[PDB]
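Asks: Here we go, the starting part of the complex in its complex frame:
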Amino acid sequence: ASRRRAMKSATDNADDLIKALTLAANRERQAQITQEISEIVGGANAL
Amino acid sequence: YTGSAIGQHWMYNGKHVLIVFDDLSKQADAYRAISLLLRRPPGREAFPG
Amino acid sequence: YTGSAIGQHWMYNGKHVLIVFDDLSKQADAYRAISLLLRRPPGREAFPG
Amino acid sequence: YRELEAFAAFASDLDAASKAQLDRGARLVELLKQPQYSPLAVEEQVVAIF
């Protein structure tokens, strides 16, 4: 019964970790794309 | 800006004023529009410097 | 470069020379500044091509 | 209270000082909420928090 409770806890903690990591991975994706565009367009406007 | 200007005229007369900006992120996005249409280069998160 | 030139002058004379560059990230950053002031279009991560 | 609740959420049993603090904090969180468009005058806010 204590194993059940501690494993339900661990599952909830992993679900909240996947949420937080996904929210970081999305901010990183967006930042990466915006940086790549800023670099291309700066290259074009230099010409 | 105009909200603050309407406010300041009362403020310098010695009235008390309350200002609610709802919401100041959409002003930042409008300034990002006006700057990028002016072709100024973007800084972080595409916002102008 | 001047560090390498001072080094090579002993090297070719049959001496053993040790060079430390501290640190080449600041040289890359200086070359970036020079290139961008000369208005070359930069490559990736805003470094010169 | 919020960090204690996060800890105690899976504690099978605890000390009396934790349990008393946990019940006080739950009653204080329940105290602080209010409905929309219901501004309370400060002379009432002080008593509500007392």
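Replies: It's in. Numbering: from 1, shown residues only, chains lettered A, B, ... in the order given.
Asks: where exactly do the helices run in chain D?
Replies: D:2-8, D:16-32, D:42-49 (DSSP state H).
Asks: packing partners for the second one?
Replies: This points to helix D:16-32. If you count contacts as 3 or more CB pairs under 8 Å, 6 or more residues apart in numbering or on different chains; DSSP states H and E, helix D:16-32 packs onto helix D:2-8. Quick note: C-beta positions are derived from backbone N, CA and C, even for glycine.
Asks: The helix it packs on packs against which elements?
Replies: So helix D:2-8, by 3+ CB pairs under 8 Å, 6+ apart, packs with helix D:16-32.
Asks: swap the cut-off to 6 Å and go again
Replies: Applying 3 or more CB pairs under 6 Å, 6 or more residues apart in numbering or on different chains; DSSP states H and E, one finds that helix D:2-8 contacts no other helix or strand.
Asks: for that helix, the distance to its chain's centre please.
Replies: Chain-centre distance of helix D:2-8: 12 Å, with CA atoms, centre = their mean, to the nearest Å.
Asks: count of neighbours near the residue of chain A found nearest chain D?
Replies: Proximity of chain A to chain D (CB to the nearest CB) peaks at residue A:9, 4.8 Å away. For residue A:9, the neighbour count with other CB atoms under 10 Å in any protein chain shown is 12.
Asks: which residue sits closest to it in space, ignoring its chain neighbours?
Replies: Excluding its sequence neighbours, the residue lying closest to residue A:9 (CB to CB, 6 or more residues apart in numbering or on different chains) is residue D:10, at 4.8 Å.
Asks: ok, now chain E:
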Amino acid sequence: XXXXXXXXXXXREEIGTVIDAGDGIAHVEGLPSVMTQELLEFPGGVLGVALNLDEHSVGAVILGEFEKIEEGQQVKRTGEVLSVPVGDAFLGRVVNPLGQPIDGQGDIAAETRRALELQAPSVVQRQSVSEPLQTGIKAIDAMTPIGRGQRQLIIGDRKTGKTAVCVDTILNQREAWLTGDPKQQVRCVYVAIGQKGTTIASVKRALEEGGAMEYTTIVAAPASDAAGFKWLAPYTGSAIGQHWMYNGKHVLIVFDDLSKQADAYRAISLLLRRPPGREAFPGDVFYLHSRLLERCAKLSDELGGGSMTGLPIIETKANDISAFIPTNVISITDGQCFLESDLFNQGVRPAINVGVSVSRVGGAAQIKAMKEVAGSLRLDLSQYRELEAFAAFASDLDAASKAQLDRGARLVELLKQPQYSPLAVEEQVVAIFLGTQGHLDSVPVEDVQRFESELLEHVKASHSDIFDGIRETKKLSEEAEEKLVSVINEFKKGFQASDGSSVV
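Replies: Below, chain E sits with the chains from the block before:
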């Protein structure tokens, strides 16, 4: 008055001169009356496409022999927009994007000429998809059916089997082509963009070994060819295809692959100083893929009831599907067979991710005998994927789901298939019947493929009447069901497992 008279009084084909050339692009001045995408011919017999039209000079991308271009060369204009020859004489030939024969077997008897950029069939001209495109892959036809008229995306990482799935799809049609009926005879076009020359030779040899070179045309834009040819290759494949489609034939197009199409068009567009957008692509790259793919359709009976089925391939970097070209082609296409390298390594070959691949056409592309069997299959595999973690603890699992786990493991073995061995519809329906009706459950997992193959061989030899009945009626009748289960048990009494146990 006097001004109008002065103007009316003030008011041989033109040759332009090259003012600029570099990296595959030339700028030609003059040509006042050139039109956008007119073929230009340069003095060395090289061609250009006149893709950009400035105030002073034409920007023309150059097809192939770029080294022969110099400033001050004379440019003659041909009088027509980009056209390719079309006809039946293309069957079993290999051609470059301009319809010139590349295999060296001889000249092509071009029947007619079509412009590359005619209008697709509009929303009034089409008909609903309601005829199967038998792929001959159990993991496709049973779960993500392709109907003739659909646009199905074979999106995967490199070296996951995309080329093999499409070659199987083309090979499978031979069982139909040997019949004389034009309502069954699927013709095929394979369009290779940016492949290496030996890979196109390998694919040609794979299709020759299968006899598919009787009815398939290969358009070859190998990686050596200038960016202009890579950019045109999908369009010329569609332009050869449409001639057959409008005559009331059935056509399959495979594009292998639209990622190098998009990379060629990005190269051309950046050299022309057009503005770059996301991932350096020019603004119109969605429109470039869309105006290609939306030319695949099923026509109504008033247009002869012909159809064209597109299998665009794309390659995804590190299994992402949020990159620009993947996102566009996923939004354009009707169904998406994700191929994953992890499932490939775990033994599931072909690597169809049956847990994420979908088709929007659905049951309307399947025959009734396939609906009657495959209906529960997606649910069984979904329950198996949910249960998978409990495989370690299968003693403690309730028996009513232990059976679902053991069924699911046998269905996953039942969906494996060796390359270049497509199964006809009447054989795959019997393969799925074995699993879904539970007859397979007494066979140990490691012998399942050998059992299935030995049974399909046995039935083909002794009881071909079951296959005849399925093919001719498209329905698994009760007599054929009872006879089939009798023959399955008669076979089980002769079969032997790899551990030497009986299976009855």
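Asks: Revisit what packs on helix D:2-8 given that chain E is now included?
Replies: Against helix D:2-8 (3+ CB pairs under 6 Å, 6+ apart) you get no helix or strand.
Asks: For it, list the C-alpha coordinates in CSV.
Replies: Output in CSV follows, covering the C-alpha atoms of helix D:2-8 (Å, rounded to 0.1, in the frame of the first residue of the first chain):
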residue,chain,number,x,y,z
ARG,D,2,2.3,26.0,0.7
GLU,D,3,5.7,24.2,0.9
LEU,D,4,4.4,22.2,3.9
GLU,D,5,1.3,21.1,1.9
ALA,D,6,3.5,20.1,-1.0
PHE,D,7,5.6,17.9,1.5
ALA,D,8,2.7,16.5,3.5
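Asks: Could you list the buried residues of it?
Replies: For helix D:2-8, burial by neighbour count (16 or more other CB atoms under 10 Å in any protein chain shown) applies to no residue.
Asks: Got the phi and psi for residue E:44?
Replies: Dihedral pair for residue E:44: phi -80, psi 10, per degrees, to the nearest 10.
Asks: so who does it touch?
Replies: By CB atoms under 6 Å, 6 or more residues apart in numbering or on different chains, the contact set of residue E:44 is residue E:68.
Asks: What residues does the spatially most distant residue from the centre of chain B make contact with?
Replies: Distance from the C-alpha centroid of chain B, by CA atoms, centre = their mean, peaks at residue B:14 (24.2 Å). The neighbourhood of residue B:14, defined by CB under 6 Å, 6+ apart, contains no residues.
Asks: so which strand or helix has residue A:5?
Replies: Assigned by DSSP states H and E, residue A:5 falls within helix A:2-46.
Asks: can you slot in chain F too:
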Amino acid sequence: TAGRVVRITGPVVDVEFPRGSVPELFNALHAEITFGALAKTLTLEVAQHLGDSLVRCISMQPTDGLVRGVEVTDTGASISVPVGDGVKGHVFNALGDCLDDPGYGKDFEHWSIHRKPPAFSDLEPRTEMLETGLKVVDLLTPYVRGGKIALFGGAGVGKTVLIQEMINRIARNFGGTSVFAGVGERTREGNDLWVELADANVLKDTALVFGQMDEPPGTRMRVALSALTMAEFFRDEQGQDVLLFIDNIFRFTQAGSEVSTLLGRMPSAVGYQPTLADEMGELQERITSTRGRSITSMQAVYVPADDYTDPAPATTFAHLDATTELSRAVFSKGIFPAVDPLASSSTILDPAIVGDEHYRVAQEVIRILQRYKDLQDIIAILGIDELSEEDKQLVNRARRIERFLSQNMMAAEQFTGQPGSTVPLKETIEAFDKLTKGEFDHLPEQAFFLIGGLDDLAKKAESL
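Replies: Next up, chain F placed on what we already have:
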């Protein structure tokens, strides 16, 4: 007075006019393509004035075969679309040209697609709930009259059936009409929809507008504004309620980003157009209720990479008031219309806007379905016999509540021949209040499927 084409670059076309005759921006211009295989009349929209009387344009059709120095005739107005009752039961492109019968509707009144939203004084000062007459919609996720509703789902999740349902609901209950805006729709799916609405015989009351994927991004952008200009006429002049479908508003955002790139404007966060929130706001604000009449909207909305922070969905979800998600796990139970009661949400569901009893009953049904959703794993792994009695008595109610969300919807009348039901709100909030208290637990699950109203449950229970 006519202009000349001076520069061509992909879909973008520059035209030069005589000094005094430069057209106002957003005017429609016409140009000819004369080559035999590609003969077209080519419609240009004016985007910018470059000086020297040069006008930057974007083409509504492919520019292939266009020749420099051809004549351009200004029309002197914006892109205009036909409006009137005779628009219903026809298919139009963004430019107002009919696809079902070419040349139809030239004689109708034409309106400019670019027109301003309502004046501030005319907006309705409070939100009113739309009593759509579907149990699950009215109880769990009430719709807002003149609001915007997001829709999620796909094939094999009843989505076209729900569209036919809502069209029938607006035609019969409110005496309104529907408009459908195919914003970048598949031409195959557009023909499947056209045939489906014809076979249901609902097309007689629906105007269809398709901006197909085959055409350049100027058309995939303007189609939504075209459809909205038909809807605005039906609201203002005919005085009807209108229901506006958009499928799919992400492609409106995307088309806008691509036009902005062709115009060479510098791209913003993750590469959208810099005007994005105003580009979208000038559409979404124009869908509203005024002077007692209303344009309700349903919008299918794709999310790139499933993240609700990307500017495309983050912008779109600022505007919309409700969210219906359709679930294959519900559809596979046989529960129609397969609206997921836990993943769907609505913002009007507050005790101040709907009665306290409605809010209480919606919170109880959500609690019961959430408990059952949490138990479904134990049920699948261990079987019902592993449960206690107190929770098994809860599951006995949850099974019935889940069934009782299903309705014999009017779209099914084609097949079943039985008519569709329209439950009053004051009936459904009694029925779920009784059902959560368990008064009907002695009935079998088959007594609740497809049932409609509570008196029908009383009939079907005595039939079984």
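Asks: so, the neighbour count of residue A:9 revisited with chain F in the model?
Replies: By the criterion of other CB under 10 Å, residue A:9 has 12 neighbours.
Asks: What of residue F:94?
Replies: Around residue F:94 there are 28 other residues, counting by other CB under 10 Å.
Asks: How is the closest residue to it other than its chain neighbours assigned, secondary-structure-wise?
Replies: Nearest-residue entry for residue F:94: residue F:223, 4.0 Å, with adjacent residues in sequence omitted and distances by CB to CB, 6+ apart. Under DSSP: H, G, I helix; E, B strand; the rest coil, the three-state class of residue F:223 is helix.
Asks: can you tell me the residue of chain F closest to chain C?
Replies: residue F:266 (15.7 Å).
Asks: In terms of helices and strands, where is the residue nearest to that residue when sequence neighbours are not counted?
Replies: Ranked by CB to CB, 6+ apart and with sequence neighbours excluded, the top spatial neighbour of residue F:266 is residue B:36, at 4.6 Å. Per DSSP H and E: residue B:36 is located in helix B:24-37.
Asks: just residue F:195 next, same as before
Replies: If you go by DSSP H and E, residue F:195 is part of helix F:187-199.
Asks: For residue E:153, give me phi and psi.
Replies: phi -90, psi 120.
Asks: need the contact list for it.
Replies: Applying CB under 6 Å, 6+ apart to residue E:153 gives the contacts E:312, E:329, E:333, E:336.
Asks: Any part of stretch E:317-333 near chain A?
Replies: No: using CB under 6 Å from any CB of the partner chain, we find that stretch E:317-333 stays clear of chain A, coming within 7.0 Å at best.
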